[PDB]
Structure formats: C-alpha cells, structure tokens
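Now for the letters of each chain:
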There are 6 protein chains.
Amino acid sequence: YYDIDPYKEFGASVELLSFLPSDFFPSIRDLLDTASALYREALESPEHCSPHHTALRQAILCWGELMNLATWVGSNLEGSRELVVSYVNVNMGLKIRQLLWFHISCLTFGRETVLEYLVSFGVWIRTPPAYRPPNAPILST
Amino acid sequence: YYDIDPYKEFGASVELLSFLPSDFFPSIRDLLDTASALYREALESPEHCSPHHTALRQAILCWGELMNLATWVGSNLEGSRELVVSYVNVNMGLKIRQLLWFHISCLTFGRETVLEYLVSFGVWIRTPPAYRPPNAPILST
Amino acid sequence: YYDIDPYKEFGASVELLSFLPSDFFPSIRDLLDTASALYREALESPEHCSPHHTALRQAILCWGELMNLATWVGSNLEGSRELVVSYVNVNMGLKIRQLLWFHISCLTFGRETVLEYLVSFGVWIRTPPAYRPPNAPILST
Amino acid sequence: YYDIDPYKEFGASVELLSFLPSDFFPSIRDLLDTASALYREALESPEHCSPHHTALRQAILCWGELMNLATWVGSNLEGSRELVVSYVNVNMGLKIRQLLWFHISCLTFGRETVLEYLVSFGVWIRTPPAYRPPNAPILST
Amino acid sequence: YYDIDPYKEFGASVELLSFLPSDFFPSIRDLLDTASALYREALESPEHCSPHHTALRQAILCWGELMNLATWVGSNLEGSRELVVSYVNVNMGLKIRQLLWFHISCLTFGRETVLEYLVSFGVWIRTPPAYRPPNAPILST
Amino acid sequence: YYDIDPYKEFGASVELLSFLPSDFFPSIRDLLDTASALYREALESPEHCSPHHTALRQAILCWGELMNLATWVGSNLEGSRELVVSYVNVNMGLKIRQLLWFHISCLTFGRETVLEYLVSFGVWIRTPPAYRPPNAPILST
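As summarised from the PDB record, the model derives from cryo-EM at a stated resolution of 3.86 Å.

Per the PDB entry, chain A goes by Capsid protein,Immunoglobulin G-binding protein A and derives from Hepatitis B virus genotype C subtype adr. For this entry, the PDB title field holds "Engineered Hepatitis B virus core antigen T=4".

A. Layout of the arrangement of the chains. The closest approach of any C-alpha atom in chain B to one in chain F is 13 Å; the two make no contact. Contact between chain D and chain F is absent, and the minimum C-alpha spacing across the pair is 16 Å.

B. Up close: the packing of aromatic side chains. Scanning the model with the defined rule gives 55 aromatic pairs over all chains in all. Here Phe 25 of chain B and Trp 101 of chain B contribute two aromatic rings whose centre-to-centre distance is 5.3 Å and whose plane-to-plane angle is 75°, an arrangement assigned as edge-to-face. Cation over ring: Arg 40 of chain A sits above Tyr 2 of chain B, and NZ or CZ is 5.1 Å from the ring centre. Lying over the aromatic face of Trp 124 of chain F, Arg 132 of chain F brings its terminal NZ or CZ to 4.7 Å of the ring centre.

C. Examining the relation of the copies chain A and chain B more closely. The two copies are related by a screw motion: chain A maps onto chain B through a turn of 179° and a shift of 0.3 Å along the axis, at an RMSD of 0.5 Å. Considering both components of the superposition, the chain copies are consistent with a two-fold axis. Comparing interface residues between copies, 91% of those in chain A also lie at the interface in chain B; the contact surface is shared.

D. Highlighting the interface of chain F and chain C. Taken together, the twelve residues of chain F in the interface contact 21 residues of chain C. Notably, a salt bridge pairs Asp 30 of chain C with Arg 126 of chain F, separated by 1.3 Å at the nearest N-O pair. At the surface where chain F touches chain C, the tally comes to three residue pairs in polar contact. Every element with two or more residues in the side of chain F that touches chain C is listed here: helix 1 (14–17) and helix 6 (111–126) of chain F. Element by element, the count of residues in the side of chain F that touches chain C is highest for helix 6 of chain F, at four residues.

E. Here's a closer look at the layout of surface pockets. Space inside the second largest pocket adds up to approximately 1500 Å³. Forming the boundary of the second largest pocket are 47 residues, of which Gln 58, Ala 59, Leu 61, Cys 62 and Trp 63 of chain A lie nearest the centre. Mapped by element, the contributors of at least two residues to the lining of the second largest pocket are helix 1 (14–17), helix 2 (28–38), helix 4 (51–75) and helix 5 (80–108) of chain A together with helix 4 (51–76) and helix 5 (80–108) of chain B. Per-element accounting of the lining of the second largest pocket gives the leading share, ten residues, to helix 4 of chain A. Looking at the lining of the second largest pocket residue by residue, the classes come out as 28 nonpolar, twelve polar and seven charged.

F. View of unusual backbone geometry. Phi is positive for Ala 12 of chain B, which is not a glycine, with a value near 55°. Here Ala 12 of chain B shows up in the segment before helix 1 (14–17). The class for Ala 12 of chain B is buried, based on a relative accessible area of 6%. Here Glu 9 of chain F, not a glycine, exhibits a phi torsion of approximately 55°, which is positive. Following the sequence through the fold, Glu 9 of chain F ends up in the segment before helix 1.

Quick notes on the rules
Throughout, residue numbers begin from 1 within each chain and advance along the sequence as written. They need not agree with those in the entry, and any residue without coordinates is left out. Here the convention is simple: chains get letters from A, ligands get numbers from 1, in the order in which they are written. Part of a larger assembly is shown here, and the values speak for that part only. Here the side-chain values reflect all heavy atoms present in the structure, with hydrogen atoms and water set aside. It only takes one pair of heavy atoms within 4.5 Å for two residues to be counted as in contact. Ring geometry is summarised as follows: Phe, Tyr and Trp rings, the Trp one being its six-membered ring, pair when their centres sit within 6.5 Å, and such pairs are stacked at plane angles under 30 degrees, edge-to-face over 60 and tilted between the two. Two limits define a charge over a ring: the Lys NZ or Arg CZ must be within 6 Å of the ring centre, and within 35 degrees of the ring normal. We line the copies up by least squares, and the atoms we fit are the C-alpha atoms. One speaks of a salt bridge when a side-chain nitrogen belonging to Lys or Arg is within 4 Å of a carboxyl oxygen belonging to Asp or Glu. Two N or O atoms count as a polar contact when they lie within 3.5 Å, although within protein this holds only if one can serve as hydrogen donor and the other as acceptor, and sequence-adjacent residues are included solely when both atoms are side-chain atoms. In DSSP terms, a helix is any run of H or I states spanning at least four residues, a strand is any run of E spanning at least two, and both are numbered starting from the N terminus. Cavities and pockets were defined on a 1 Å grid built from protein atoms only: a cavity is a group of points that admits a 1.4 Å probe but offers it no way out, a pocket is an open group of points flanked by protein on both sides within 12 Å along at least five of seven lines, and a lining residue is one with an atom within 4 Å of any such point. Grid points are joined across faces, edges and corners, and a volume is the space filled by probe spheres set on the points. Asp, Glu, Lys and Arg are counted as charged, while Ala, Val, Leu, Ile, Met, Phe, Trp, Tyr, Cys and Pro are counted as nonpolar; the rest, among them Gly, fall into the polar class. Summary of the burial criterion: residues with accessible area below 20% of their type's maximum are buried, those above 50% are exposed, and those between are partly exposed, where the area comes from a 1.4 Å probe applied to protein chains only.

Have a look at this one:
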C-alpha cells in the first residue's frame, strides 16, 4: 500500500518505460560488466557526483542479496528449487535491468538525451506494424 | 564476486554498524510507520533534498518486491513455505532494517549526530558487565 | 462522511499522537484541576491570547454536556446504564483527554517544545525491550 | 461546576442568543452543507484566519462523535435506543446549531453586522403580539 | 482511476453546484434553443473568445452522440428500451444540463456575477420556511 | 468566616501547594535545624532583607506556643492527652511545615526557581504509574 515511482527526481515516470519491450533490455551480466568496467572509481570512491550511482549501489546490492537467496535455495533447500529461481529472473529481473539500464545510459550520453529517445521510441511502437521503418537503438554523444 | 559498502560517503563504514547487536533494530512496521508519518512529502514529491530519501525509495521497493514474492509463494507453492518466510525475515529482515534505520535517524537528528552515537554505543557495550550504566538510545534534536 | 484533523495548524498531525499509548494520558480530574489552578484568567476573561484556550472552551463544554447526559440517563433510565457510562469513559474518555492534554501542555512549555517530545517518545517506544532507558515525561520550562 | 460562556471573545454573551426561538435555527444538515460548500479551503488548509473556523472544527468533531455514539447505540445496544437518540437531537442539537449558525453567519456578513440583528431581534420579540410587524431574517452584505 | 471535475479554471468547483436543487435546472430543449438563438457565430465561426464556448462545443457533441446511441438502441433493441432512455435522462441528463446552464449564464451576465448568485441562492434555501423573503432567479446585466 | 492565602504576593497560590502529597514534607526537626544552621544572622539581627524571614519569625513563634500548650497539657491535664498531641501533629503539623518548607526553600534557591519545581512535580505525579521516571527533589543553586 505504498506507491512510489523511482523515476521522479529525473522525470520520466515509470509509465514512460512501460512502452519499451521486455526483451529489449540486454542481460544482467552485460550491464554489470559495463558498470564495472566503465565505472570503478565512482562506485568505489566516496566522492559524490550525482544520485545516479548513489542509487546504483543499492540496486546492485538488492540484486546481490537476491543472488545469495538463489544460492541458499540451491544449497540448503530440497524440482521446487529451479522454479523459484526461474521466477525471480522474470519477476525481479525485469525491474533490476530497468534500474541498471536507465542509470548507466543517462551517465554516458547525459540524462536529457535519453529522454528524447524514450519519447521517440513511444511514437514508433504505437504505429501499427502495417508501416514502420526499422528502428534500432540510436544514441549518440 | 566484488563487494561495495552502501553506508559510505556519509562516513560510517560497515564495520561501525557491526557494533550494534542484531536484535537492537526495531521491527519493520514501526520504521515504515515512522517514515510515513514524518515524511509524506519527500517520498512523493519530485523535489530532491539529499540522497537519503533517494536511497530510501529503492530500499522500500526492494522490500516491497520481497513481500510480493512472499505473497506469490504463499498463493501458488505447496511445509516448505513457512521455512522460507522465516528465513527471509531473519536474513534479509536484518539487512533491510539497517538501511531504513540509518536513513530515518540521520534525517531527523542529522547525519553528524548519529556518528558519535555509534561510537558511544560501541564504547558502552565493550565494557564488562561488572560495571555498566544502563543505556537507552539517547537522541535529542 | 468526511474527516478533518483538529490538531492541524500547530504541526502535530493526528498520526503523531498515535505514537502515545492509550493509557499514557492522565485522568480527566487531574487535567481539569491543572487547567483550573494554572488558568482562571484566560478561561473567564474575554481577552484572547491564542486559539489554544479558545478550543479548550468548547472541549470543556462538550465534556460537560456529556456529563449532563450521563446524569440524565442515571436519573431517568432504568443494568443498561453502567455499560453506557463505561463505554463513553473508554471511547470518548480517550478522545477528550487528547484534546485537553495537548493544549495545556503546549501552553506552559510552549507549542514548539512539545513537538520533539512526541518525536522523542516515538523513538523511545519503538526500540526493542532488550535494551531501553526507563523514560519519564521530561518537560522543563 | 464550571461556567464559561463561549461567546465572550466576540461579545454577545450566551444570554443574548437565548432570545431567539428554538425552532428558528435551520436543521443540522443544511448548516453542515453550507459550511462544506462555502468553506472547504479554510477548514482543510492549515492557514489560520480567525478563531471562528478554529472553533468550528471541534464543533463539527463533537457533533460527529455524538453521531458515532448514535450509530453505536443503534448497532450494539438492544425501544430504549430511539429515545436516547431523540433526546440528543433536542438536548445537544440546540447547542450545536447555535454554535454552527453564529460562526457561519459572522463569517459571511461580518461579526459586527450580526450583532445589530441580534439586538433588533430582541426588541421585536419583547413586544406583545398585539402589535408587531412581520419580521423575517434580514441580513445584507 | 481518474478523478477530475471541469469547473476548476473558472473556479466554483462541483461541490458548489450541489446546493441548488436538481429540479431547479430547466430542460435541455430550452437551453439548446437559447444557445442556438443567442450564439450562432460563436458555435460556428472559428474565432476565439473564451474557453466557455470552447467546452460548450464538445458538451453539445457528447449530448448529441448520446442521443444517437439512444436512437440506435430504440431502432435495434427489442420494455427494456424505454427504461434505458428514462435512465440516461435522469442520470446523464442532469450532468449535461449543469454544463450548459453554467456556461450560458456566465456568458450573458458574466462569470463574476453568477458566482455570488450561487451562494446567495444556496443560503436562501437553507433558512427555515417560517421566515424567508420570496426570491427567484435574479440576474441583471 | 473569611479566608486569605498566605502564599500570595509570591505567586504560588494555595491550589499549587495541593499538588504535593501530605507526607512529602520533611519532619519539623530537620526544617528547624536547617533554618538554624543556614540562618542565625537574619533570625536574630534586626536587619530586614525580605518578608520571607519576617513571616518565618511568627511561624516559629506560633509553633513554639503550640509546643508550650503541649507541655502545659502534659503537666497539668489528666488517656485524653496523647490523642490531642497526635491530633495537633497530624493537623497543624502539616500546616506549619508548609509555611516553613516554602520559605527556606525559596531563600536558598530563590523564589523564582521553586515555582517551576511545583509545576514540574505536578506534571510528574499526574502521569499514570504505567510509565513514570523516578523523581527526586531536584534543586541546584
């Protein structure tokens, strides 16, 4: 009975991201590797630049505690183990990837640029498939 | 793989929070009620004041999706349930409350004041029981 | 139908007063005696100082007409009486004392000081009983 | 053994209103609807303008708790239920309507204007019915 | 879940229209004839004057498509037809007339004057019938 | 016939002193010893400093003549004695100590400081025993 949209300090409420297809976001491993490779200083050093990585830290932490839960259910629990593991991938997996993808993207190209791409992607997906040019991820610095 | 400390950039490394006993932290319902009663503006309005409530949002959200997972396993799954619900209460229940307790405490009394309280509590608990003053959590605005 | 909070325009929403336990508030006779002894001028003289005593007047009047109703049901009505007298004591007795207790307390010590006392009492009661300082109502002019 | 006249900060002691006939005041529903329709901002917003609505709030609240008492005696209690309900309409009903009518009227036309109308109404009712012109509610902004 | 009422840009929220009795508003035919006779260029010419006629247009269109649906159900459906038509007039017809009545009235006599007329009629109907001066719709340029 | 309050012209009406329990006041011998040890100059030298010791003189004198009456009834009178000696101890013993206790206390710590102590003690005692801090008489120069 608490309803808070994470994406309100930066605009682009949660309803905006619902347009993007579920399978459009790349896998968790690629996003984690991108965050680690591009951003090792910011995540490790205490110097504060923006709330983006400030929230990215606990995003990674909630993902990690979910991974530890998966390891626990694999090791200590009893068929019934694989099904819960599959569920968290499809249930929390979508949310975690959305959190990771938005914050990484807005750090590289800027938070303003991703806004227009989100708006344009909404227009392109609303048109019926009878006539739509092939659109791909188009972001430029 | 690799570990990062969320409590950083406010001082108060993770090692300091290990001073406090596990059972000292109050129950989740009290923290949620206090956060609601004291703050309905910051959690809902888009205005930014500090990263504290910024991280509080994802903390509440990760707790909420944990509750949703508990509801799903209650509704769909088969003696194997109550052990899972108890486990997350004793394992993630401690971890989640730590994030919530620190942030609400440092919002009212300030992030500077809570630091010496952690130091003072550490000193108080390390003394032998043969002579110790009965201590209660002393915080005044 | 619709609800309004009397404690508003002084801060101190209704949710804050839910922190205090029901039995904490002292008995009606003590509050009436304290109000009489400390204030016979404000309650009688037409001079206005603050809305506090202004609302205190109607509070006392609603309590008085409740007492008159109790006297009437004692004098005129028929085992069905004592259950009514007990019910109003346990239902309206709590509600009336809340109005009286807040107003007299914020007159002597000030409306600003009572606020942090509510916050401090909330913090004190939310901690687990395994370690808590024995607290008494600390108010000093 | 407490005697306080509510109407002393604004003048027009309780003895002044005793002149007006009991059935002159309109029904509670009409006064509540008038207060709601004309004054939704003042009753809801914390901004303070005058003690009028400041007392109107607890007037409505005491009426509401009386209504809840009526609902309780209707639902939980056992002939003996209708009679107490009828009594509160004639006993507290007159007082509540007087409180509501005075404060609503003095907000619209001003607190000074209602004073003259009360004085003149006293003169008109003191004359024996042998010769009195028909007088009606006459208030103008 | 959508909750919004039209009467905000002009003030006078929907609660104000609840004072005036339902049967007070005249029938749809008279309002339509008045709108057609007094304002034919405003409804037809694209010239902009105020949002009043701007909303009046879709008011008329929504009423007209309701009439078209009524004709469709009359011609196509099978007792069950008449009750639906009587239903829409008593349920939807009242709401439509409020839009037309407010906008037509505020164009001739002005949006300012009609506001005081609303409260004046509201308080006038609340006074007891034993004393009320004879009042009718009083609107003068 | 008619009653006057001695404690007047220093604030602290008689009603305030009714807050303190009867047995709280210490025994007469301790008060006399404290008055002697702290003040031998004021009680003997003719110099005037305040009405406090001025009234203290007649207080001690009325107590002394009561003691003389006790000695006389012991020496001259006849089971009827000890009931009289006990009665004056329980009836005038309370009254005399009140005069002495107030005056010596307000001489050392000052008449201004003792006022809030009476208020603070009243607040402390009115709270229910379910939660109260153990209070001792806190007075510091």
